[PDB]
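First comes the structure, then the notes that go with it.
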Amino acid sequence: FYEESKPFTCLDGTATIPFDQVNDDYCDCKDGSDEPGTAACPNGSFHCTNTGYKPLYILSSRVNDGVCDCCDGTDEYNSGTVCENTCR
Ligand SMILES: [Ca+2]
Ligand SMILES: [Ca+2]
């Protein structure tokens with residue numbers, strides 16, 4: 001009748017979790033692949049999309065650290081620091 005969506009598998013094959021454990025602010029994958037958008041994994045990376053300009057990757061520990069790391073300011077989305085777009 002209703003088919004269920006498949007779960008997420010860590011890019012390193014170390015675990016399979018439902019997609020509600022993706023970006024849930026707890027590190028479930030040894031490679032950090034379940035938390036690309038948060039500061040939860042010690043070896044993760046956050047992608048600065050920097051729309052219109054060169055994209056950059058930063059350490060996950062720099063997501064919501066209150067410091068402006070991406071020129072588009074997208075790394076600071078719930079920290080209290082409001083970053084201005086400085087890509088130009
Ligand atoms: Ca997680
Ligand atoms: Ca930051």
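All residue numbers in this chain count up from 1 along the given sequence. Note that ligands are numbered from 1 as they come in the structure, with each ligand's atoms numbered from 1 the same way.
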Within residues 49-72 or reaching into it, pairs that qualify as side chain to side chain donor-acceptor pair (under 3.5 Å) - sequence neighbours excluded: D72-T74
Just checking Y26: does its OH atom have more than 12 heavy atoms from other residues, nucleotides or ligands closer to it than 6.0 angstrom? no
N, O or S atoms of the protein lying under 3.0 Å from the Ca ion (ligand 1): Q21 O, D24 OD1, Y26 O, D28 OD2, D34 OD2, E35 OE2
For the side chain of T81 and the backbone of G66, is there at least one donor-acceptor N/O pair under 3.5 Å apart? yes
Which atom, counting only N, O or S, brings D69 closest to the Ca ion (ligand 2)? OD2
Angle at the Ca ion (ligand 2) between OD2 of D75 and OE2 of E76, to 10°? 90°
Is there a continuous path of hydrophobic side-chain contacts, each under 4.5 Å between heavy atoms, that joins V63 to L56? yes
Is the Ca ion (ligand 2) less than 3.0 Å from at least one N/O/S atom of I58? no
Can we say the SG-SG distance for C48 and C71 is below 2.5 Å? no
With distance as the sole test, does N85 use its side chain to make a donor-acceptor pair with the main-chain N or O of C87 at under 3.5 Å? yes
As a test of understanding, state which of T16, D28, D34 forms a side chain to side chain contact (heavy atoms under 4.5 Å, CB included) with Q21. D28
Nearest-0.5 Å distance, OG of residue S45 to CG of residue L59: 8.5 Å
Answer key: the N, O or S atom of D65 nearest to the Ca ion (ligand 2) is OD1
If I take every N, O or S atom of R62, is at least one of them less than 3.0 Å from the Ca ion (ligand 2)? yes
